[PDB]
């Protein structure tokens, strides 16, 4: 249940407006299928992600709350693993991803939004991890969050379960930019395009690096960087770029 507008900067819409775009198993799966196609389309250089409706993703899946408390341990684990496969797939995406927080993003969706490379939030949107308020744990989100904000900010958001607003969200480092009420998407598509002008090789790798580093010692990180700094020096894009520079012309990666 997602709509995809292919293009250099592809756009994926969570299609379940009235339900408010719940990250139901079905929805999670549809979102993956897209990312696959989109990852395989050589024309797509970036992917904006947004929601159809008044929100981005925030709507208690009553269909879910009813069952969950009765599923078996083995089924619960099997499911968590699926949902985690989504977050990871997004956070790990090979191409630059940008979340366009048009409306509210609560719990699941809030993490889904955080899992994107960059985030552009509607000046009137809200964001929050409410799991604890009802007995849930924003476990899957925690993974990304410790890397996005300071520890004290993490505790605040996860222990109170409050919803922050665009002004605070940026201040804390949850979102990169705030678009005036109206087109968080337009602005996100803008941001994307810019990032898309840059080298496809350099982008992926930069992302690859930012993944691994946090999980290692200074020296090992430098061992990794050095090696990369090296490899990158034999790539076409570098060749292309350096030429375009010595030809006072735009690079055609």
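Residue numbers count along the first chain shown, from 1.
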message = If you average the CA temperature factors as listed in the entry, which stretch comes out higher, 173-181 or 112-120?
response = 173-181
remark   = Going by the entry, of stretches 66-74 and 195-203 the one with greater average Cα B-factor is 66-74
query = For residue 220, does the deposited CA B-factor place it in the lowest, middle or highest third of the chain?
reply = lowest
query = C-alpha B factor of residue 244, ranked within the chain: lowest, middle or highest third?
reply = highest
task = Divide the modelled residues of the chain into thirds by Cα B-factor and specify which third, lowest, middle or highest, holds residue 126.
result = highest
query = Going by the entry, which third of its chain does the Cα temperature factor of residue 211 land in?
reply = lowest
request  = Grab the CA temperature factor for residue 14 from the record and place it in the lowest, middle or highest third of its chain.
outcome  = highest
